[PDB]
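The chain below stands alone and is given in structure tokens; this is the form deposited in one PDB entry.
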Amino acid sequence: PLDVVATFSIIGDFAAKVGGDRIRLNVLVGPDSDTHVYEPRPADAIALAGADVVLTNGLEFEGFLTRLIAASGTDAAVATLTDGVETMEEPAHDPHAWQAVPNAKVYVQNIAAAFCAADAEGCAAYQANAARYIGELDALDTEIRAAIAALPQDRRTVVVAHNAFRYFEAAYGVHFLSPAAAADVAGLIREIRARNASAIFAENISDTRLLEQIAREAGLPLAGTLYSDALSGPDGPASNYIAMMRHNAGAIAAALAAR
């Protein structure tokens, strides 16, 4: 059994689909948790020390990783799953490439390659798993594109907790606003009014601080929760990547349809 560590939950779901019962999977950053602020527990160094393969996002998403690799003394092969992805410059590259379904296909192919490197005998099983999961991703990508196409182009703007959806925007044509640092909420609400934003969404990885505040001051409904950088727990509505994207796509579409 191939010993695999995935840095966070979204990647961990891809690994489970490619590897099936051939791998033993450990995921560092869990559901409803923020990788941007993650600090590795000493248990994580043990996980890395025992792994054959480490699956990471790259693009500086996991700031803790290079330290953990040296502290753990691991000799694991480290796969950067955004290898080969058309990345986007950040307002440094924007790490949230999984929000566009064609990029998730590339993640999945890089995982199969990483497993093939470490376990040649299983390569055909891994590639069969990947090709099957990639079929479901292509259909998911078609559903999302069509549902956003079925919306009038004048209401396509939603508000979110952080700038995590720029690849979704680029792929699908929904624009996202989010607060930043400081306290320029007045500037946000102005832009909310300028762009006629339909809805404010919470995020599963963040406290619903301001987002309730902004929704009141903007006079908009808090329409629900979007899953940005982490899956939900197993009995939440985003327990795997495909469920997460259909939840997000349906929640956004419902909010954009209510004028």
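Definition used throughout: the rigid core is the maximal C-alpha set that superposes within 1.5 Å between two forms. Numbering starts at 1 and follows the sequence shown.
The discussion below concerns the form deposited in another entry, not included here.
Taking the core as reference between the shown form and the other one, the lone member of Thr56, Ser232, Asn26, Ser206 whose Cα moves by 2 Å or more is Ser206.
Fitting the two forms on the rigid core leaves the C-alpha of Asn129 displaced by under 2 angstroms between the shown form and the other one. Relative to the superposed core, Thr157 shifts its CA atom by less than 2 Å between the shown form and the other one.
Relative to the superposed rigid core, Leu222 undergoes a CA displacement smaller than 2 Å between the shown form and the other one. Compared with the form shown, the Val78-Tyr38 C-alpha separation decreases in the other form, the change being 3 Å or greater. In the other form, the separation between the C-alpha atoms of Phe8 and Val37 shrinks by 3 Å or more relative to the displayed form.
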